[PDB]
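Colleague: Mind having a look at this structure? Questions to follow.
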Amino acid sequence: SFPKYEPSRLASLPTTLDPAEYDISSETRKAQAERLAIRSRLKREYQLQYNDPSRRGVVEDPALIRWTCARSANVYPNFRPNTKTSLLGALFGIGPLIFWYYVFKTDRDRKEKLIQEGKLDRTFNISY
Amino acid sequence: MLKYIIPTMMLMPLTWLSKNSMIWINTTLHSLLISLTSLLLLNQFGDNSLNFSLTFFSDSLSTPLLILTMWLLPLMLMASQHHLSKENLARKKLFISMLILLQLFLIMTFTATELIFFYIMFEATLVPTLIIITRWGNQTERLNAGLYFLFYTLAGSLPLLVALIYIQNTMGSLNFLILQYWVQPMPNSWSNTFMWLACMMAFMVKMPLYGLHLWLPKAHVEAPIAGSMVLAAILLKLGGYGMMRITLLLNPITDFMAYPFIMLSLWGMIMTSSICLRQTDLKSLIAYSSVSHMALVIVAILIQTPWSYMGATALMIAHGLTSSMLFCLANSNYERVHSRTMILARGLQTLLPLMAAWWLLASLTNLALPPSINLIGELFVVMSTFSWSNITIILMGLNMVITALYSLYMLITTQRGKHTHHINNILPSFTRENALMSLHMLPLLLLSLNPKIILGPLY
Amino acid sequence: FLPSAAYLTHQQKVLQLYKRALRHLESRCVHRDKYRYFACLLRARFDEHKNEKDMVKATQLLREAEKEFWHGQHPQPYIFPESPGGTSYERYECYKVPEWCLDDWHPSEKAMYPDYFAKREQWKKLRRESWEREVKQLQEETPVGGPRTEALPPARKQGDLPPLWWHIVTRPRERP
Amino acid sequence: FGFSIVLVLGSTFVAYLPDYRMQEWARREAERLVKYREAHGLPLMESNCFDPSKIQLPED
Amino acid sequence: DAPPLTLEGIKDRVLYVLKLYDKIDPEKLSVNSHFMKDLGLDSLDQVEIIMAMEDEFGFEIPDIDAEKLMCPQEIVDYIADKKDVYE
Amino acid sequence: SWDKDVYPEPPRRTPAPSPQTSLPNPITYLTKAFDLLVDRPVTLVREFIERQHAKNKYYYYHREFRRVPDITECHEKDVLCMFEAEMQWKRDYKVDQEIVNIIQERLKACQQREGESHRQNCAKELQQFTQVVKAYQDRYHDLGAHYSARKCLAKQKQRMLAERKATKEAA
Amino acid sequence: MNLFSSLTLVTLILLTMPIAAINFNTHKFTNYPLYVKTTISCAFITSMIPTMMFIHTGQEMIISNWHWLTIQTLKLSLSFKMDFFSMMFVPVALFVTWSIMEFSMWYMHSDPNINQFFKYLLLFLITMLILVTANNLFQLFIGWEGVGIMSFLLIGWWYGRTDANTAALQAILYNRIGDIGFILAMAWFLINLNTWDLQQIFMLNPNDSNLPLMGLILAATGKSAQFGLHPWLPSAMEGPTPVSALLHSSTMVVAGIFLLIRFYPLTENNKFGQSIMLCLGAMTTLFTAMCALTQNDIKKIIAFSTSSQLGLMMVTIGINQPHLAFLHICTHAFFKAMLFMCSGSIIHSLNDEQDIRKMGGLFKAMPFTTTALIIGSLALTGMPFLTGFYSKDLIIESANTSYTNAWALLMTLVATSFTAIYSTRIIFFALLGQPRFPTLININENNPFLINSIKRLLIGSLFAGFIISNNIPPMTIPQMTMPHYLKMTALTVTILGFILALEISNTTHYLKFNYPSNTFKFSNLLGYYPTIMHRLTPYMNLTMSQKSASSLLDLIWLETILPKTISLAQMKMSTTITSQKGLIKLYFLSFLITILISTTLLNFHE
Amino acid sequence: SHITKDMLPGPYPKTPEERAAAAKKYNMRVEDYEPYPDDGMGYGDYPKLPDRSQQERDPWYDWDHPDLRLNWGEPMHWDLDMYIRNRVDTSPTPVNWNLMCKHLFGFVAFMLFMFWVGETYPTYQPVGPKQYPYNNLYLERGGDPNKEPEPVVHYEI
């Protein structure tokens with residue numbers, strides 16, 4: 001009665017029709033218990049260092065600091081020049097540049113040859 | 001002009017022989033007096049430049065930039081406290097005298113006559129900025145920032161000296177009129193191509209162009225506020241001033257040899273507006289915005305229309321004020337929280353309910369709100385480049401759209417929607433930062449009323 | 001994804017399906033009388049095999065129920081104008097000012113509102129007076145070397161306040 | 001010394017000053033010149049701004 | 001858009017919509033009564049009651065709570081927590 | 001005021017409305033009350049300010065310059081001739097642009113005053129506009145940004161040599 | 001006339017006092033809403049006079065002063081022009097906004113941020129006036145981007161609410177695509193007519209004009225919620241109610257078609273251009289009419305209706321009939337300002353719940369508002385013959401008597417039927433159903449400001465269409481000679497729409513629990529355009545921002561080409577030159593081989 | 001301050017100690033730590049997450065950061081600046097994605113083809129051109145005061 005909801009990279013898969021939520025093994029119960037334990041301990045540390053009346057500054061999350069240091073400063077190490085990296089670099093860095101370069105050569109050669117003929121609409125073209 | 005040079009000297013021993021709680025009023029008061037003193041300059045008329053000596057003169061390109069420099073100094077000097085007021089007295093005096101010597105070589109550079117004197121004062125403009133950003137770089141890679149900075153600017157600006165000495169001993173002296181009144185066209189031999197490439201490439205380094213724009217972002221994210229404002233406004237528009245002067249020579253080959261640089265500038269303007277849509281480190285978004293506006297500047301310089309040069313100098317002055325202001329607001333936010341990141345400091349429509357007015361005003365000038373000068377600049381550059389080619393307007397408008405979106409994202413990311421409610425240390429807005437905003441955005445609107453001053457030599 | 005346990009259960013999963021199908025039947029069906037008819041029909045359809053001692057056939061019928069539900073949902077399920085996704089979604093968040101402010105005022109306005117700020121000062125002394133010993137001892141006292149839960153025990157010991165309560169109590173009033 | 005002596009005085013000083021790049025001088029000079037070239041019949045804005053008697057084309 | 005709620009008023013409105021429900025009686029309808037012990041109705045109609053509260057007052061309550069209300073006094077307490085009922 | 005010779009005006013034409021109504025005429029009542037309640041005090045204040053300025057007399061002179069000869073009477077490098085020549089040429093360039101401005105202002109005035117019949121009694125002014133702009137397009141257009149005087153004379157020589165070759169081939 | 005120019009310039013300058021007043025006040029005035037309302041009323045009574053003078057005689061005049069940067073062969077002054085559109089549109093906009101000032105006095109009673117709200121709304125009015133008056137086209141561009149950014153601020157009034165500033169971001173983005181179209185138009189006008197001014201553009205009519213016409217088309221379809229660039233419109237309905245009312249009653253919604261109306265001598269000819277006009281308008285009208293069916297939020301319905309009416313005006317520009325489109329602007333303005341104001345009255349009457357489900361029966365819950373909405377929604381499609389009759393039906397019959405494109409006629413047919421059926425459905429579901437709305441009723445409209453505002457706009461929308469349409473100077477030749485079954489067809493389509501929505505209603509009375517047939521889904525779920533575009537175009541540019549732009553091209557490759565090659569070369573050459581252990585025999589053998597290789601191999605003495 | 005070993009050099013290998021260190025470092029499950037892998041695109045060793053995650057995380061959990069669904073300690077998926085709600089909303093769609101794109105492209109293609117069919121086939125109510133009085137209304141078009149009379153007339157019919 002329904003084509004079973006093909007997913008995509010944009011359409012998220014909702015929590016109802018997984019259908020992996022219904023094959024509950026003991027490993028999934030173990031993983032959900034340990035995940036609740038991790039969230040419990042993190043909320044405990046955060047709430048104890050969040051409700052202190054002497055605490056003046058910010059709580060200084062290492063998660064945001066770690067993500068930012070991974071995002072900006074930890075790119076250039078580490079790296080190796082692979083076939084995929086070099087290929088995508090020379091494609092998305094040089095391709096559009098040389099393409100736009102050739103098409104502006106074409107447009108400029110058209111306009112230069114055409115006004116060298118003199119038959120352009122520059123009867124008054126003062127604001128050059 | 002020595003009437004402006006020598007009090008800028010005599011403002012330096014002032015700072016030495018004033019004491020604690022006594023340097024400050026002296027420096028700020030007297031620098032504002034020098035701002036009035038160069039507001040007296042604007043006399044320039046009609047036929048030519050005005051010659052303040054056998055040695056100095058002023059084109060009308062140089063007058064608004066010089067007034068902008070002497071306007072920007074006291075603003076900067078008040079801006080650079082609360083992050084060094086708790087440091088030592090001798091080091092604070094050394095900082096202030098470093099800025100004064102910096103301004104002095106900037107006046108030296110803008111009021112040049114000979115291009116060799118211009119080059120000496122170009123790298124004399126360079127050397128205080130280095131010392132400021134390295135001594136108070138305030139982050140762990142100020143080492144690499146200063147190193148990249150000095151080696152890019154010198155090693156790009158190094159063969160410029162050789163090309164200018166060659167022009168010196170093939171065409172007589174190097175007064176700008178005797179560079180004019182005697183210049184003859186030079187054909188398409190490859191030595192002419194390398195000479196043009198040397199001069200234009202040194203100033204390409206100093207704009208920056210797109211292939212050498214990673215000079216910039218470390219040198220602004222790891223700089224203090226004074227060196228950042230100096231660097232952005234006065235040094236990038238000084239590089240544009242230099243290319244605007246020395247593009248008088250070598251016009252018969254710039255058409256044949258200017259094709260790759262325009263395309264690099266256009267596609268890199270698109271790529272730079274794209275790259276400042278998604279980054280963290282909010283301080284760097286203004287730096288990539290500056291790369292975008294200077295790419296538009298370089299398009300305007302390599303096309304050689306009077307329309308293009310008027311739009312170029314208006315874009316220079318408006319973007320200088322916008323970038324210096326917006327750097328100062330980013331320093332205000334970093335004084336609030338010790339983050340420098342973008343997604344952390346949020347809220348602030350409730351709290352500090354008039355700081356948001358200055359963020360909105362800066363964001364709409366960076367939008368180029370239409371009575372402002374930035375839209376005047378961008379509009380005349382788009383007009384001149386559409387007369388250049390009937391096709392480049394796709395890139396200009398797509399720059400306009402992405403510029404609107406990242407400037408608006410800067411506005412409504414950090415200062416819209418919800419405070420993170422674990423901040424609880426931000427103070428209400430001081431009188432000082434509000435005074436700095438008021439010193440920024442009164443002259444921009446007052447030139448928005450009457451902008452016939454700031455247009456270039458081809459008025 | 002929930003604070004209490006690592007999963008909902010089968011029971012609450014079926015229950016959330018029943019709530020969603022009943023809400024979508026509201027969003028499908030106006031005039032409320034045929035709605036009441038169809039709601040009792042849906043109740044009977046779940047009454048057909050409520051008492052299965054089996055479990056695998058029950059969860060397979062749950063999956064086929066999700067298929068016939070997702071085929072038969074509504075484009076605008078009727079979200080209330082207080083819920084996220086809905087019309088409000090913190091509609092009057094313009095005035096939801098946090099209360100770490102209001103102490104950074106000039107003492108002229110602290111003279112304008114004297115009694116409120118005196119009582120607020122004794123609130124903050126109540127906060128700091130029982131902050132260190134009781135709260136941090138009850139946090140570093142009860143649990144295992146890993147906490148492994150997102151609840152927290154009360155201060156049932158003798159006296160003062162249950163721990164970690166300040167940003168729970170001192171919230172906006174949700175209509176200012 | 002930053003607004004009360006700089007801002008409003010600079011606003012008056014740059015709101016008006018003499019004819020920057022000879023503007024209204026050129027206005028009234030063009031007025032008088034076009035009035036002259038209407039009052040003496042010759043066509044306004046004569047092309048070939050340099051005198052063709054004082055020119056020497058190189059030959060083939 | 002601010003009508004003032006009060007504890008007696010919310011008690012009266014919740015007991016009104018419970019008394020309007022069919023298969024209970026208006027005789028043995030206590031404030032301190034169970035939805036499991038003495039009223040004897042099932043979990044299904046209990047969550048129908050939860051749906052009646054959500055549809056009257058205008059907000060969802062989460063399923064971490066809908067397991068464990070089971071009495072009208074804690075219903076009144078929980079909408080008192082969602083609304084913060086004092087003037 | 002101005003010179004009406006260089007700023008011409010068409011002769012004035014005004015009718016008189018003749019009702020043929022009995023409401024009558026509210027806007028005439030309103031414009032009489034407007035004149036009596038607005039135009040009188042501004043007239044008295046202008047009389048006051050005219051006396052207060054005509055108590056003493058100033059003058060501003062129209063600046064006039066001489067005619068230093070030409071670039072064609074200047075030598076090889078010899079800047080002291082070229083400087084006078086090029087500033088003379090550049091002042092001619094600015095006054096020539098303002099001549100074009102005046103012609104375009106006449107064209108706008110002819111568009112507005114002649115009304116929705118566009119091609120009536122503007123065709124002589126359109127004719128002289130196309131004449132002067134043919135001159136400007138031929139003379140000052142395609143030199144670019146760094147015009148000093150020398151590219152203008154190069155354009156002059158190249159243009160008249162091309163026209164000489166054209167009429168030599170046509171003959 | 002001195003009276004004419006004097007009264008127009010003081011209608012400008014009366015919208016200048018209150019902003020500088022509360023920027024200079026610092027003592028918070030209690031009567032600030034009363035003050036802004038009475039200065040808008042004074043602007044209205046000053047603006048009524050010269051329009052009546054205009055229709056009384058003509059005398060059609062421009063003002064132009066304070067030229068700044070008269071640089072090259074052009075010049076630009078602040079200049080605006082009193083012809084017909086900028087002449088007698090301004091009273092309608094001032095009248096509408098004056099009633100919205102009343103309705104926003106009442107509706108925003110419970111916020112201390114009311115003063116900044118009225119400052120933003122009056123500033124938006126100033127910029128809309130400077131947009132609609134100017135002939136110097138730079139001033140038009142000033143008004144353009146100013147009303148765009150005031151739209152941004154007033155949509156994002158309620159900070160918080162991530163959906164709201166998302167929506168305002170969409171609105172300002174489609175404003176910038178309007179900007180790229182408009183600056184392309186300005187570029188062509190400058191480089192081929194030595195200015196950007198309306199008078200010289202009208203003076204010289206060029207032959208090839210396809211590039212500026214495409215620029216103007218892009219500007220209109222960006223500005224005025226048209227297909228391809230439309231879906232910022234429910235986005236624009238995310239904000240507050242009187243913001244939405246002024247945002248899509250007259251101001252900021254007609255500015256896209258205002259420009260194409262203003263350039264009617266340029267769009268006289270170029271039949272390719274008029275074909276683009278009316279085909280695009282038919283596409284907009286059918287898509288928003290088909291999307292408007294099966295919607296349950298009120299403001300989304302009223303916004304889809306105003307997009308449909310704007311599509312009718314695009315078709316009206318496609319036929320050479322601009323003045324009927326301006327007539328439609330005025331009637332439409334009165335019309336949907338009154339409609340939004342009635343809707344907001346209902347919504348704030350019922351605790352800001354806003355949805356049609358959980359609103360069902362509200363007739364005789366005081367019937368001032370139910371009367372107001374049935375007046376408005378039967379003025380939709382023009383109950384013959386009211387103010388809504390004239391614009392819509394003379395437009396469709398003149399389109400029928402035109403060299404049309406044979407498909408746009410059927411598009412207007414189906415669109416008139418659709419706007420009939422959702423009008424009747426929204427009346428039925430709103431008012432005369434059975435009452436489904438939660439208890440503790442707090443319905444109240446015994447309120448002087450609301451009855452004044454609704455009274456004023458029903459009195460406006462009942463008479464002003466006939467009053468304006470009567471005394472226009474005849475700027476076109478009316479057709480008036482239609483065949484049989486081609487003049488009846490307007491009333492035919494509206495009556496069959498009423499009957500069709502009636503039978504859909506009486507099938508809604510039934511009980512079956514039918515199923516979605518995917519045309520239901522295409523009508524209800526915006527069909528697929530905002531979802532697909534707003535989930536694909538953000539992901540693509542930011543996929544290219546992360547991989548290609550930021551982490552790949554600039555940083556790591558530009559650092560591995562310009563620094564790293566130099567740094568590795570210097571490091572390796574240092575570690576192979578100066579990494580020599582300290583023995584003497586090495587140094588003298590190096591001396592010996594250097595002497596031999598300098599004497600005989602690469603000689604220095606020959 | 002911040003520990004030097006709370007930075008992140010190098011990818012996954014080898015498997016015991018480096019994956020144990022990344023599990024201790026990024027605060028994740030051991031066998032749910034996923035590097036990208038090492039194709040040399042930079043990327044460090046930062047985890048792969050289920051990549052949509054933001055129209056997920058149903059909003060009644062009452063976590064800490066109210067508009068980001070944070071919980072102060074999650075490893076925070078690499079592309080988070082593209083995933084704040086107000087940037088990209090990856091909701092599970094009510095229909096599909098392929099069905100969406102196929103029906104949208106089909107409808108727009110059909111309407112543009114019917115526009116072309118309209119463009120080749122106009123309507124007209126059957127009426128000749130207007131009878132302009134003076135030579136197709138000459139002397140009031142673009143100019144020509146005395147250049148050429150252009151004789152063309154109309155006859156009463």
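In the structure tokens, chains take the letters A, B, ... in the order shown, each chain's residues start at 1, and ligands count up from 1 in the order shown.
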If the cut-off is 10 Å, can you tell me the residues of chain F near chain A, counting only C-alpha atoms? I'd like them as a PDB file with N, CA and C atoms, in the first residue's frame.

Modeller:
ATOM      1  N   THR F 130      22.432  65.503 -31.889  1.00  0.00           N
ATOM      2  CA  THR F 130      23.139  64.478 -32.651  1.00  0.00           C
ATOM      3  C   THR F 130      24.371  65.038 -33.351  1.00  0.00           C
ATOM      4  N   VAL F 133      27.028  65.568 -30.583  1.00  0.00           N
ATOM      5  CA  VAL F 133      27.504  64.325 -30.010  1.00  0.00           C
ATOM      6  C   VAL F 133      28.234  63.496 -31.051  1.00  0.00           C
ATOM      7  N   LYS F 134      27.982  63.732 -32.342  1.00  0.00           N
ATOM      8  CA  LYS F 134      28.830  63.153 -33.369  1.00  0.00           C
ATOM      9  C   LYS F 134      30.221  63.750 -33.303  1.00  0.00           C
ATOM     10  N   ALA F 135      30.299  65.060 -33.048  1.00  0.00           N
ATOM     11  CA  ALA F 135      31.594  65.707 -32.840  1.00  0.00           C
ATOM     12  C   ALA F 135      32.322  65.141 -31.621  1.00  0.00           C
ATOM     13  N   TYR F 136      31.602  64.950 -30.515  1.00  0.00           N
ATOM     14  CA  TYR F 136      32.240  64.483 -29.286  1.00  0.00           C
ATOM     15  C   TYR F 136      32.683  63.031 -29.398  1.00  0.00           C
ATOM     16  N   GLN F 137      31.838  62.191 -30.009  1.00  0.00           N
ATOM     17  CA  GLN F 137      32.186  60.802 -30.279  1.00  0.00           C
ATOM     18  C   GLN F 137      33.386  60.694 -31.206  1.00  0.00           C
ATOM     19  N   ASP F 138      33.469  61.573 -32.207  1.00  0.00           N
ATOM     20  CA  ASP F 138      34.623  61.528 -33.091  1.00  0.00           C
ATOM     21  C   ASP F 138      35.882  62.049 -32.424  1.00  0.00           C
ATOM     22  N   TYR F 140      36.693  62.951 -28.624  1.00  0.00           N
ATOM     23  CA  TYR F 140      37.232  62.706 -27.288  1.00  0.00           C
ATOM     24  C   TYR F 140      36.931  61.323 -26.740  1.00  0.00           C
ATOM     25  N   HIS F 141      36.387  60.414 -27.543  1.00  0.00           N
ATOM     26  CA  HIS F 141      35.795  59.214 -26.956  1.00  0.00           C
ATOM     27  C   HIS F 141      36.822  58.139 -26.617  1.00  0.00           C
ATOM     28  N   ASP F 142      37.439  57.549 -27.633  1.00  0.00           N
ATOM     29  CA  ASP F 142      38.117  56.270 -27.430  1.00  0.00           C
ATOM     30  C   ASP F 142      39.598  56.463 -27.116  1.00  0.00           C
ATOM     31  N   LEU F 143      39.897  57.327 -26.147  1.00  0.00           N
ATOM     32  CA  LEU F 143      41.265  57.510 -25.683  1.00  0.00           C
ATOM     33  C   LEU F 143      41.555  56.817 -24.359  1.00  0.00           C
ATOM     34  N   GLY F 144      40.541  56.516 -23.561  1.00  0.00           N
ATOM     35  CA  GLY F 144      40.779  55.789 -22.333  1.00  0.00           C
ATOM     36  C   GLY F 144      40.988  56.675 -21.124  1.00  0.00           C
ATOM     37  N   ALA F 145      41.855  56.248 -20.208  1.00  0.00           N
ATOM     38  CA  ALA F 145      42.018  56.901 -18.916  1.00  0.00           C
ATOM     39  C   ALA F 145      43.182  57.881 -18.880  1.00  0.00           C
TER      40      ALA F 145
END

Colleague: Pull out every residue of chain A that has at least one atom within 8 Å of chain C, counting only C-alpha atoms, and report them as a count of residues only.

Modeller: 28

Colleague: If you take only C-alpha atoms and a cut-off of 9 Å, which residues of chain F touch chain H, and what are their nearest atom pairs and distances in Å to one decimal, in chain and number order, as a tab-separated table?

Modeller:
residue	atom	partner	partner_atom	distance
F:117	CA	H:140	CA	6.3
F:118	CA	H:140	CA	6.6
F:119	CA	H:140	CA	4.9
F:120	CA	H:140	CA	6.3
F:121	CA	H:145	CA	8.9
F:122	CA	H:143	CA	8.5
F:123	CA	H:143	CA	6.0
F:124	CA	H:145	CA	9.0
F:126	CA	H:143	CA	8.9

Colleague: Go through chain B residue by residue and, counting only C-alpha atoms, keep those with an atom at most 6 Å from chain A; for each kept residue give the shortest atom pair and its distance in Å to one decimal, ordered by chain and increasing number, as a tab-separated table.

Modeller:
residue	atom	partner	partner_atom	distance
B:263	CA	A:101	CA	5.3
B:305	CA	A:128	CA	5.7
B:384	CA	A:128	CA	5.8
B:387	CA	A:128	CA	5.7
B:422	CA	A:58	CA	5.8
B:423	CA	A:58	CA	5.1
B:425	CA	A:57	CA	6.0

Colleague: Kindly export the residues of the current selection with N, CA, C and O atoms, as a PDB file, in the first residue's frame.

Modeller:
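See again_33.pdb below for the written result:
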ATOM      1  N   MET B 263      41.016  37.447 -14.831  1.00  0.00           N
ATOM      2  CA  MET B 263      40.232  36.234 -14.654  1.00  0.00           C
ATOM      3  C   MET B 263      40.518  35.586 -13.317  1.00  0.00           C
ATOM      4  O   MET B 263      39.603  35.048 -12.674  1.00  0.00           O
ATOM      5  N   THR B 305      39.457  52.730 -17.273  1.00  0.00           N
ATOM      6  CA  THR B 305      38.506  53.783 -17.570  1.00  0.00           C
ATOM      7  C   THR B 305      38.504  54.818 -16.450  1.00  0.00           C
ATOM      8  O   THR B 305      38.784  54.478 -15.298  1.00  0.00           O
ATOM      9  N   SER B 384      31.707  50.276 -15.384  1.00  0.00           N
ATOM     10  CA  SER B 384      32.901  50.302 -16.217  1.00  0.00           C
ATOM     11  C   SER B 384      33.261  48.908 -16.719  1.00  0.00           C
ATOM     12  O   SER B 384      33.668  48.750 -17.874  1.00  0.00           O
ATOM     13  N   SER B 387      30.944  48.002 -19.570  1.00  0.00           N
ATOM     14  CA  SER B 387      31.437  48.571 -20.815  1.00  0.00           C
ATOM     15  C   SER B 387      32.700  47.867 -21.284  1.00  0.00           C
ATOM     16  O   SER B 387      33.007  47.877 -22.481  1.00  0.00           O
ATOM     17  N   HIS B 422      25.216  30.446  29.584  1.00  0.00           N
ATOM     18  CA  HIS B 422      26.317  30.081  30.467  1.00  0.00           C
ATOM     19  C   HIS B 422      27.452  31.081  30.303  1.00  0.00           C
ATOM     20  O   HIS B 422      28.610  30.759  30.582  1.00  0.00           O
ATOM     21  N   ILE B 423      27.124  32.288  29.846  1.00  0.00           N
ATOM     22  CA  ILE B 423      28.119  33.328  29.632  1.00  0.00           C
ATOM     23  C   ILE B 423      28.403  34.074  30.925  1.00  0.00           C
ATOM     24  O   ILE B 423      29.550  34.114  31.386  1.00  0.00           O
ATOM     25  N   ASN B 425      29.186  36.889  32.223  1.00  0.00           N
ATOM     26  CA  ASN B 425      30.267  37.796  32.572  1.00  0.00           C
ATOM     27  C   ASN B 425      30.319  39.057  31.730  1.00  0.00           C
ATOM     28  O   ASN B 425      31.186  39.898  31.981  1.00  0.00           O
TER      29      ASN B 425
END

Colleague: Do a neighbour search on stretch 126-131 of chain H at 12 Å with only C-alpha atoms, toss out local chain neighbours closer than 5 positions, and write the hits as a PyMOL selection string.

Modeller: (chain G and resi 400-403+477+479+481-483) or (chain H and resi 136-137+152-157)

Colleague: Determine, for each residue of chain H having at least one atom at most 10 Å from an atom of chain A, the closest pair of atoms and their separation in Å to one decimal, counting only C-alpha atoms; order by chain and ascending number, as a Markdown table.

Modeller:
| residue | atom | partner | partner_atom | distance |
| --- | --- | --- | --- | --- |
| H:1 | CA | A:60 | CA | 9.8 |
| H:2 | CA | A:62 | CA | 8.4 |
| H:6 | CA | A:66 | CA | 7.4 |
| H:7 | CA | A:66 | CA | 7.1 |
| H:8 | CA | A:74 | CA | 7.0 |
| H:9 | CA | A:78 | CA | 6.4 |
| H:10 | CA | A:78 | CA | 5.7 |
| H:11 | CA | A:78 | CA | 8.0 |
| H:25 | CA | A:66 | CA | 9.5 |
| H:26 | CA | A:63 | CA | 8.1 |
| H:27 | CA | A:38 | CA | 8.5 |
| H:28 | CA | A:38 | CA | 8.8 |
| H:29 | CA | A:35 | CA | 8.2 |
| H:38 | CA | A:79 | CA | 8.3 |
| H:39 | CA | A:82 | CA | 6.4 |
| H:40 | CA | A:80 | CA | 4.7 |
| H:41 | CA | A:85 | CA | 5.8 |
| H:42 | CA | A:75 | CA | 4.7 |
| H:43 | CA | A:75 | CA | 5.6 |
| H:44 | CA | A:78 | CA | 5.5 |
| H:45 | CA | A:70 | CA | 8.3 |
| H:46 | CA | A:70 | CA | 7.0 |
| H:51 | CA | A:9 | CA | 8.9 |
| H:52 | CA | A:12 | CA | 6.9 |
| H:53 | CA | A:12 | CA | 8.6 |
| H:54 | CA | A:12 | CA | 9.5 |
| H:55 | CA | A:12 | CA | 7.7 |
| H:56 | CA | A:12 | CA | 7.8 |
| H:58 | CA | A:15 | CA | 9.8 |
| H:63 | CA | A:43 | CA | 8.8 |
| H:64 | CA | A:43 | CA | 8.7 |
| H:71 | CA | A:43 | CA | 7.6 |
| H:72 | CA | A:61 | CA | 6.4 |
| H:73 | CA | A:63 | CA | 5.4 |
| H:74 | CA | A:63 | CA | 6.7 |
| H:75 | CA | A:63 | CA | 6.5 |
| H:76 | CA | A:67 | CA | 6.6 |
| H:77 | CA | A:67 | CA | 8.3 |
| H:78 | CA | A:71 | CA | 7.1 |
| H:79 | CA | A:71 | CA | 9.1 |
| H:80 | CA | A:67 | CA | 9.6 |
| H:88 | CA | A:10 | CA | 9.1 |
| H:89 | CA | A:10 | CA | 8.0 |
| H:90 | CA | A:10 | CA | 4.9 |
| H:91 | CA | A:12 | CA | 5.0 |
| H:92 | CA | A:12 | CA | 3.6 |
| H:93 | CA | A:11 | CA | 4.9 |
| H:94 | CA | A:11 | CA | 8.5 |
| H:95 | CA | A:5 | CA | 7.1 |
| H:96 | CA | A:6 | CA | 6.1 |
| H:97 | CA | A:8 | CA | 6.3 |
| H:98 | CA | A:6 | CA | 8.3 |
| H:99 | CA | A:6 | CA | 9.6 |

Colleague: Assign secondary structure with DSSP using the backbone only, and return the residues of stretch 4-149 of chain H in helix (DSSP H, G or I) as number ranges by chain.

Modeller: H: 4-6, 15-26, 30-32, 80-82, 98-120

Colleague: Show me, as a PyMOL selection string, every residue of chain H with an atom at most 8 Å from chain B, counting only C-alpha atoms.

Modeller: chain H and resi 65-67+81-82

Colleague: What separation in Å, quoted to one decimal, exists between atom CA of residue E:86 and atom CA of residue B:353?

Modeller: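 If I compute the distance from atom CA of residue E:86 to atom CA of residue B:353, I get 29.7 Å.
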
Colleague: What's the 12 Å shell around residue D:60, counting only C-alpha atoms, without same-chain residues fewer than 2 positions away, as JSON, numbers by chain?

Modeller: {"D": [57, 58], "F": [161, 164, 165]}
